[PDB]
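Residue numbers (PDB author numbering), protein chains in the order written: chain D, 23 to 34; chain C, 23 to 34; chain A, 6 to 142, 151 to 228, 240 to 336, 342 to 775; chain B, 6 to 143, 151 to 228, 240 to 336, 342 to 387, 390 to 614, 617 to 775.
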Amino acid sequence: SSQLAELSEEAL
Amino acid sequence: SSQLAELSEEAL
Amino acid sequence: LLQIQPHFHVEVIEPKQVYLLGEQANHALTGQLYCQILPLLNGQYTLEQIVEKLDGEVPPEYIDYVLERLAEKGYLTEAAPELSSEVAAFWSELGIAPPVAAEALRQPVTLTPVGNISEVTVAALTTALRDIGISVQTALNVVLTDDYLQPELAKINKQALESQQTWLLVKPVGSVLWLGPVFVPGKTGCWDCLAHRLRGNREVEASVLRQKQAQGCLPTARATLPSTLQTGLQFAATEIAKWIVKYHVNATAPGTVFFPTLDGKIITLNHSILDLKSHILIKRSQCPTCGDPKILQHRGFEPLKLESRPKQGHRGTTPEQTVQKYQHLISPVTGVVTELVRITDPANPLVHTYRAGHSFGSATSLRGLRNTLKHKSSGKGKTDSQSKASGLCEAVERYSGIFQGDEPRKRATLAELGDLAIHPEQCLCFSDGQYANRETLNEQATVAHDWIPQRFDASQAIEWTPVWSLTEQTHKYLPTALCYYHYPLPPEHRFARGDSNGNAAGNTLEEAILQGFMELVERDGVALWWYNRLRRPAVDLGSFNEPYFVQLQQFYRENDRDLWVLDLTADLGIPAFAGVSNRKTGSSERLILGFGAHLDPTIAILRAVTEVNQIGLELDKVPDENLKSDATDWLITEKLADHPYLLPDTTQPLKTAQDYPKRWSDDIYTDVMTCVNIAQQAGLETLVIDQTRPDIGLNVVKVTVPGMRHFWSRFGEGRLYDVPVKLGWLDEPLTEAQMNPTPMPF
Amino acid sequence: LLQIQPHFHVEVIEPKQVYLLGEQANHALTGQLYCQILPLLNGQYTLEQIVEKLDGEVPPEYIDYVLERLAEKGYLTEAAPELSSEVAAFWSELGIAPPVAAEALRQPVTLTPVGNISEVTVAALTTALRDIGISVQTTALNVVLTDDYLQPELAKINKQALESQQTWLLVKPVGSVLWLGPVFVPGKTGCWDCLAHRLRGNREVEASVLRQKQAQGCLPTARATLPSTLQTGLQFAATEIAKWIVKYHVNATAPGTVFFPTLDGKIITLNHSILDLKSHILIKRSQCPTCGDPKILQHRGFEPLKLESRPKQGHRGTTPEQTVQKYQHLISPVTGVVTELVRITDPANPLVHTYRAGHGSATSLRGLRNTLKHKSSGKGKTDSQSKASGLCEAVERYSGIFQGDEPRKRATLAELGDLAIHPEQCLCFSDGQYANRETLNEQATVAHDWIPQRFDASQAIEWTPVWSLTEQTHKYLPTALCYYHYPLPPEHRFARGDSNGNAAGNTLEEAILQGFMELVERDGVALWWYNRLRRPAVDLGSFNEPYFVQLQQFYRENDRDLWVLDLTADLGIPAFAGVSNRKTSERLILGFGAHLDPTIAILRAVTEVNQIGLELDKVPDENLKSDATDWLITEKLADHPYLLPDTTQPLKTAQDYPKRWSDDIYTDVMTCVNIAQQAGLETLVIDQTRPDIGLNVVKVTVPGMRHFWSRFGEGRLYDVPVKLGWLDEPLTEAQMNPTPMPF
Ligand SMILES: Nc1ncnc2c1ncn2[C@@H]1O[C@H](COP(=O)(O)O)[C@@H](O)[C@H]1O
Ligand SMILES: Nc1ncnc2c1ncn2[C@@H]1O[C@H](COP(=O)(O)O)[C@@H](O)[C@H]1O
Ligand SMILES: [Ca+2]
Ligand SMILES: [Ca+2]
Ligand SMILES: [Ca+2]
Ligand SMILES: [Ca+2]
Ligand SMILES: [Zn+2]
Ligand SMILES: [Zn+2]
């Protein structure tokens with residue numbers, strides 16, 4: 023599912 | 023005098 | 006009334022000796038009379054009282070000579086009754102007589118909160134200050158903030174400059190206490206001199222703030249135990265007291281007391297990990313608020329003035350002397366260099382490498398933000414001290430070139446300027462076919478360096494920056510967008526991004542112009558070799574009177590690597606080389622490249638193989654999945670079989686030390702004038718823009734020789750095609766289509 | 006109740022990004038659903054209450070996947086209602102869930118004042134702790157407040173704590189320098205005695221004054248106190264107490280998983296006067312008499328000396349830069365053994381590299399001013415090699431100071447018989463010198479030439495076991511020689527420990543090599559100086575090294591000349607002496625090097641010349657206060673022909689020194705021991721290595737070899753120069769050089 027798939031998290 | 027001559031002060 | 010310095014603890018060794026034990030200093034007195042008298046100098050007695058207790062034992066005349074001698078050397082004081090014994094001790098241990106210290110604290114102080122700082126919190130500092138004898142309401154205004162970039166601080170700063178008010182700044186909330194500086198209008202930087210640096214070192218916060226404009241500062245001081253708050257406020261109270269006092273005692277026994285305060289300094293105490301660092305604030309000459317912002321403008325339009333610089342190894346001074354002179358620029362707060370770290374295993378004496386944290390530009394997207402922050406500097410060298418100087422000075426070179434807005438500029442169209450102006454296409458050298466398929470190419474591009482800008486529109490009046498022509502001894506003009514990093518251009522006329530090509534720092538301008546010229550020579554030589562894919566001869570490293578070459582070769586062999594050096598010396602004749610190393614074992618060959626050029630072929634080869642060292646060893650220990658360098662796809666996929674122009678030409682003979690004639694001299698300046706004449710009979714003009722920043726000191730320039738080539742995929746008509754033919758390397762030029770489809774990875 | 010980690014400022018940029026901004030770290034969330042949900046992960050809202058805020062805007066299944074995705078990633082925790090938003094933010098920034106921190110802070114604590122700490126001051130800490138949710142009991153941690161870290165009560169406390177298995181903290185919030193830490197965990201960290209051992213050696217003035225006073240427990244100086252420094256220290260303490268209370272609680276739940284630092288085995292010093300914070304490390308002493316077993320050294324002294332092969336890469345097993353990194357922890361005026369390590373190298377000069385290390391009992395001001403002057407000097411071609419030299423020489427000295435746990439046994443020379451070695455074999459003083467002992471010492475420039483009382487063999491003295499490499503067995507020297515500052519009766523002071531043959535190294539066999547070379551170095555110089563021999567200079571161009579030629583050029587620009595004489599004697603081990611005068617006071621300087629590799633030996637010499645000379649040279653002559661000053665001011669090269677090279681002899685070169693070293697240090701040691709065996713010499717070693725230090729330190733003794741101090745006893749000082757033909761007939765004692773070797 024598109025809404026759920028694009029969830030990315032990363033540190034800066 | 024000797025009592026006045028021997029007066030000495032120093033840091034260590 | 007009379008007492009001995011309260012901080013001293015007295016112990017009498019009865020025949021001859023009397024010791025004064027302190028917390029930071031220990032003194033010793035000799036004389037039978039001292040043993041007799043000092044017991045009576047504890048603040049329990051007056052000069053009138055002392056004589057009667059030892060009347061008939063020590064003459065009255067004799068006591069004075071003793072008390073005189075104790076005064077000249079400052080062991081003796083009179084008790085200040087407004088102070089307790091413990092307080093008096095604190096200042097006397099700093100060489101300050103109690104009665105003077107009491108007078109000092111009478112100087113009053115004002116407190117001003119700003120931002121979200123609690124009115125409760127202000128009251129806590131007021132209570133702290135009164136506890137040490139400082140009244141509140151002048152001599153000092155103290156400002157309590159949660160963020161050193163609060164817009165309100167701008168207005169407080171400008172009144173202090175107009176009123177010549179000396180003031181202090183503090184941030185006790187959050188998990189890192191900020192304390193200082195004490196601004197002294199005329200003697201130290203202003204808040205804006207500081208704020209200019211803060212704005213640079215906050216890259217993600219600054220890139221978040223504009224991004225919101227897709228649709240002042242951000243407060244990030246939320247972690248606060250009531251103890252860290254009180255820790256920070258109480259700590260501030262001490263330093264406030266120490267400033268108040270020293271200002272008083274450095275005028276009233278000038279000299280005498282010499283202890284540090286917060287003038288021009290910022291102190292960060294990290295409550296979490298427990299680390300205390302000091303940070304020097306530099307007063308910017310060009311500061312718009314307290315200085316003259318028209319400095320660079322005036323300088324940029326003035327003739328470049330060079331002079332003789334003998335050499336001591343082709344620089345004027347040692348690296349450690351260079352590092353010493355510019356350490357203070359290393360501060361994540363007040364500095365330009367965030368961190369400077371030795372990433373080298375000290376088990377290996379040959380390989381040195383430093384990582385200099387760089388602040389750089391600002392971005393307006395999450396994708397663009399991570400391209401910054403990836404932007405780090407790096408130090409390479411044969412030795413540690415030189416590898417250190419390299420890392421430091423590369424970071425400063427980068428900062429200096431960033432467009433601050435005070436740069437020498439003027440509006441005009443290319444026609445109003447005449448032959449004095451230089452069309453950007455002379456420098457960029459993009460092909461007609463590239464401009465035509467800009468958008469397509471740029472999208473399906475593996476790398477950010479391959480970015481093809483829009484064509485320059487000569488009808489638009491742009492900003493031009495004056496540059497000094499060493500060949501023609503006069504000013505010319507490049508568009509400002511080329512001369513400095515991150516010059517903002519309109520979205521419908523983005524004809525350039527400022528690159529790093531020709532940028533160089535140095536202890537002198539001539540030192541810098543020389544190194545910058547050599548950067549151009551190398552990128553040119555690489556370009557010719559890489560894109561024409563010329564087979565080049567290797568160098569016989571043993572023919573040079575330098576063991577470090579063979580020592581390095583052996584080291585690489587033990588560590589699953591080979592190492593060789595291709596000669597890329599082109600039509601200018603200046604020695605340029607390409608270090609090439611590859612792994613023997615594994616799924617990946619991990620080809621790595623290091624380049625270098627210099628009048629001295631030894632130095633030139635050094636520069637190359639130490640560039641191979643800094644990249645090389647640090648990737649190898651790191652497995653393939655863990656690799657996230659820019660050249661990642663290159664290190665895993667690409668084998669030496671795919672690029673035979675990387676390994677040397679067995680057809681040609683090995684180049685030796687005897688093959689590179691000496692054209693350098695005893696003078697750096699002479700070497701500069703030598704290079705500019707080399708460019709001249711290759712039909713090239715040599716331009717210099719001095720990017721040096723007064724606040725920085727270290728000289729930075731950008732050398733530009735229009736027509737010379739670069740690492741990056743730019744296939745315009747010029748030296749990229751013709752020089753290989755002029756040198757016999759090719760029998761006929763290639764077409765743009767036969768150029769190397771694989772970009773230069775590094 | 007749910008919330009994103011409190012220490013983050015949540016910023017939502019509408020399209021698809023939500024930025025989590027912290028003070029020390031930053032994060033980025035991408036995805037449209039985050040923009041909708043995170044404005045409601047502020048701590049106010051339940052998982053259930055969320056839906057009405059967005060039912061029909063987002064289905065709950067999408068929400069659960071987000072939370073579970075945010076949760077296992079490390080951005081989501083549950084609120085704790087007991088803690089403020091700011092308190093929670095602090096513990097979350099250290100990676101600790103608010104509900105965990107809350108149950109950790111219930112844990113009570115005990116305070117114990119010692120010294121002259123006020124009862125009010127104790128209340129202030131109780132108050133500071135009370136304000137951050139920590140209560141005091143009238151436990152898990154016992155906090156001790158003191159006004160001096162050597163208050164004798166701390167011994168009793170430390171003993172009880174060890175037997176009680178009690179964790180405790182030490183703090184000193186009075187005086188200009190806050191001391192904070194360490195947290196003593198019995199059985200994991202050193203005891204207070206481990207710390208106190210170091211503090212007694214690092215406070216020599218206070219220590220002597222006690223000796224001078226008692227001859228007729241500690242001395243407190245923490246008088247310099249502001250209300251603000253005191254509070255600063257209590258509050259600082261309360262914050263680190265809290266950090267230890269939390270750490271403990273979590274390591275019971277799941278050992279590890281907490282990687283923020285605490286004061287366990289660590290001491291913080293914050294100086295209020297000058298403003299600087301320094302972190303000190305407390306090494307647990309394995310031979311500690313309180314928490315440790317002090318019998319290590321006594322055993323080891325009597326165990327055979329195990330040597331093995333050591334590969335090589342300039343003649344050491346590991347780089348100097350390594351060596352410093354791994355023994356840096358000894359550089360500390362508190363916990364450490366070396367006070368500081370300073371470059372005096374003007375960075376404008378790349379050739380000259382000298383470091384000054386930091387550094390002793392005395393019973394008088396005079397004896398006290400002599401101590402504190404003693405400081406080790408770093409010498410080397412490279413700044414890194416010089417840095418290591420400086421650091422290691424300091425540890426070389428300390429490791430040899432007699433602590434009382436060294437290997438010995440009391441007996442007369444007769445009982446031991448053949449295994450014992452008379453100290454007069456090592457010292458080599460003449461019957462004349464012993465006879466005129468009292469006069470000769472009064473009339474002595476420097477105290478290196480101190481003539482001890484004659485040994486009395488009827489007396490039962492303490493003998494130390496020493497390993498004979500040649501005979502591969504244990505011999506015995508008097509303990510008075512094998513260690514510095516060993517106390518002897520005033521009627522029988524037959525020796526002082528000297529620095530001769532003492533050396534350090536990353537390995538034992540590394541040290542013995544240097545220790546032996548230190549002996550060759552001295553013996554050679556003695557033969558040249560006291561016989562006043564004329565020796566040839568060395569052609570420094572013949573050697574491949576260009577440092578020599580460049581260094582000579584430097585001295586010339588700096589009003590000086592420089593040459594190198596050969597002192598190689600019957601052992602044939604390359605020995606050299608560098609000499610330099612001012613061509614404009618002459619200020620003669622001498623440096624000495626010895627090694628199998630002559631190029632290193634030249635190097636050892638010349639670098640030692642730079643250490644001494646140039647630093648003294650920039651100073652004007654009338655002001656100088658050094659030990660060898662009179663020689664630098666008055667003496668002239670004309671009055672000492674033996675200092676300049678004999679023009680009659682040919683210049684030495686690289687070809688005149690054969691190679692006898694190998695790829696293994698051990699082999700070189702086996703070579704050196706046999707070279708001494710042919711000369712009729714036994715080689716002896718004592719392991720001075722301290723476990724708490726780690727760096728290997730030995731004393732090599734080869735009885736009969738000469739020191740360059742005035743010791744005119746019959747032996748190799750007369751015989752060897754004849755054996756090699758430097759003299760047709762032996763000199764006499766009266767004939768020896770009456771001017772002592774001044775360095
Ligand atoms: N000893 C030095 N003094 C001044 N600038 C230096 C020194 N070493 C390197 N740099 C500068 O540091 C930057 C990077 O050096 P490199 O890594 O050698 O290309 C260049 O701008 C150099 O001119
Ligand atoms: N790189 C090193 N590693 C271990 N010990 C060293 C090193 N350099 C010097 N030392 C020791 O430091 C002391 C002084 O050295 P030197 O000044 O060369 O006589 C001697 O005990 C040496 O063994
Ligand atoms: Ca550069
Ligand atoms: Ca480079
Ligand atoms: Ca030594
Ligand atoms: Ca030495
Ligand atoms: Zn300013
Ligand atoms: Zn212990």
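Don't be surprised by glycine CBs; every beta carbon is placed ideally from N, CA and C.
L716/A vs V550/A beta-carbon contact at 8 Å: Position 687 of the third sequence, counted from the start, is the residue given in the question as residue 716/A. Position 521 of the third sequence, counted from the start, is the residue given in the question as residue 550/A. Going by C-beta atoms, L716/A is not nearer than 8 Å to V550/A.
Who pairs with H272/A in a beta bridge, going by DSSP? Taking the first residue of the third sequence as 1, we reach residue 272/A at position 248. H272/A pairs with nothing; no bridge assigned.
Quick one: using the 10 Å Cβ neighbour count with 16 as the cut-off for buried, is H404/A buried or exposed? In the third sequence, counting from the first residue as 1, residue 404/A sits at position 375. By the neighbour-count rule (16 or more Cβ atoms within 10 Å), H404/A is not buried but exposed.
Quick one: using the 10 Å Cβ neighbour count with 16 as the cut-off for buried, is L669/A buried or exposed? Translated into the one-based positions of the third sequence, residue 669/A becomes position 640. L669/A should be labelled exposed.
Any chain A beta carbon closer than 8 Å to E468/B: Counting from 1 along the fourth sequence, the entry for residue 468/B is found at position 438. With 8 Å as the cut-off, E468/B does not count as an interface residue toward chain A.
Just verifying my parser: in three-state terms, what is the DSSP assignment at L648/A? As a first step, residue 648/A must be located in the third sequence, where it is residue number 619. Correct three-state label for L648/A: helix.
Please return the same chain residues whose Cβ sits closer than 6 Å to the Cβ of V23/B, not counting the five positions on each side in sequence. On the fourth sequence, residue 23/B is found 18 positions in, with the first residue counted as 1. Only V17, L34, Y39, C40 and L43 meet the Cβ criterion.
Quick one: which chain A residues come within Cβ less than 8 Å of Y24/B? Working through the fourth sequence from its first residue, we reach residue 24/B at position 19. Near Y24/B (Cβ distances below 8 Å), the residues of chain A are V217 and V221.
Quick check: the region 718 to 732 of chain B against the region 646 to 659 of chain B, are at least 3 beta-carbon pairs closer than 8 Å? no
Please list, in chain order, the chain B residues whose beta carbon lies closer than 9 Å to that of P284/A. Within the third sequence, residue 284/A is the residue found at index 260, counting from 1. Residues of chain B passing the Cβ test: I297 and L298.
Using a Cβ-Cβ cut-off of 8 Å, state whether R246/B counts as contacting chain A. For the purposes of this step, residue 246/B is taken as the residue at position 223 of the fourth sequence. Interface criterion met: the Cβ of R246/B is under 8 Å from a Cβ in chain A.
Burial state of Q8/B (16 or more Cβ within 10 Å): For the purposes of this step, residue 8/B is taken as the residue at position 3 of the fourth sequence. When all chains shown are included, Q8/B counts as buried.
For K225/B, return the contacting residues in chain A, with the cut-off set at a CB-CB distance below 9 Å. Position 213 of the fourth sequence, counting from 1, holds the residue named residue 225/B. In chain order: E16 and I18.
Which residues does DSSP pair with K184/A in a beta bridge? Residue mapping note: residue 184/A aligns to position 171 of the third sequence, counting from 1. Partner(s): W191/A.
Who are the neighbours of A33/A on chain B, taking C-beta pairs under 7 Å? The residue you call residue 33/A lines up with position 28 of the third sequence. Ordered by position in chain B, the residues that pass the 7 Å Cβ test against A33/A are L395.
Can you say whether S429/B is buried or exposed, counting buried as having 16 or more other CB atoms within 10 angstroms of its CB? Here residue 429/B is taken as the residue at index 399 of the fourth sequence, counted from 1. It is buried - the Cβ of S429/B has at least 16 other Cβ atoms within 10 Å.
Quick one, which residues of the region 517 to 533 of chain A are near chain B if we go by CB-CB under 7 Å, in chain order? none
According to DSSP, simplified to helix, strand and coil, what is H478/A? Within the third sequence, the letter at position 449 stands for residue 478/A. Note: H478/A maps to coil in three-state DSSP.
Just list the alpha helix (DSSP H) runs in the region 241 to 311 of chain A, keeping only unbroken ones of 4 residues or longer that don't cross its boundaries, in chain order. 250 to 273
For residue 229/B, does the three-state DSSP call read helix, strand or coil? What the structure lacks is residue 229/B: chain B is numbered 228, then 240, with the residues between left out.
According to DSSP, is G397/B part of a helix, a strand, or is it coil? In the fourth sequence, residue 397/B corresponds to position 367, counting from 1. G397/B: helix per DSSP, three-state reduction.
Going along the chain, which residues put their C-beta within less than 7 Å of some heavy atom in ligand 3? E423/A, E426/A, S529/A, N532/A, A533/A and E548/A
Take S416/B and list the residues in its own chain whose beta-carbon comes closer than 7 Å to its own, dropping the five residues that flank it on each side. Here the question's residue 416/B lines up with position 386 in the fourth sequence. Around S416/B: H381, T382, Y383, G408, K409 and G410.
Step through the CB atoms of chain A and report whether any lies within less than 8 Å of the CB of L249/B. Taking the first residue of the fourth sequence as position 1, residue 249/B is located at position 226. Closer than 8 Å to some Cβ of chain A, the Cβ of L249/B qualifies, so yes.
Any alpha helix (DSSP H) of 4 or more consecutive residues that is wholly inside the region 412 to 477 of chain B: 413 to 430, 443 to 446, 454 to 457, 461 to 465 and 467 to 472
Does the beta-carbon of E640/B, which I'm using as the reference point, lie nearer than 7 Å to any heavy atom of ligand 6? As a first step, residue 640/B is located in the fourth sequence; it is residue number 608 there, counting from the start. Using a cutoff of 7 Å, the CB of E640/B counts as near ligand 6, since one of the ligand's heavy atoms is closer than that.
Pairwise C-alpha distance: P630/B and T367/A: Within the third sequence, the letter at position 338 stands for residue 367/A. Within the fourth sequence, the letter at position 598 stands for residue 630/B. If you take the alpha carbons of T367/A and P630/B, they lie about 46 Å apart.
Close-in-space but distant-in-sequence residues of the same chain around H504/B (CB under 6 Å, 5 per side omitted): In the fourth sequence, counting from the first residue as 1, residue 504/B sits at position 474. These residues qualify, in order along the chain: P495.
C-alpha gap between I268/A and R223/A, whole angstroms: Locating residue 268/A in the third sequence gives position 244, where the first residue counts as 1. Locating residue 223/A in the third sequence gives position 210, where the first residue counts as 1. Distance between the alpha carbons of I268/A and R223/A: 41 Å.
Quick one: list the residues of chain B neighbouring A376/A, beta-carbon separation under 9 Å, in chain order. Taking the third sequence and counting its residues from 1, the one referred to as residue 376/A is at position 347. Chain B residues near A376/A: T346, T347, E349 and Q350.
Measuring from the CB of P348/A, is there a heavy atom of ligand 1 at a distance below 7 Å? Here residue 348/A refers to the residue found at position 319 when the third sequence is read from its first residue. Yes, Cβ of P348/A sits closer than 7 Å to a heavy atom of ligand 1.
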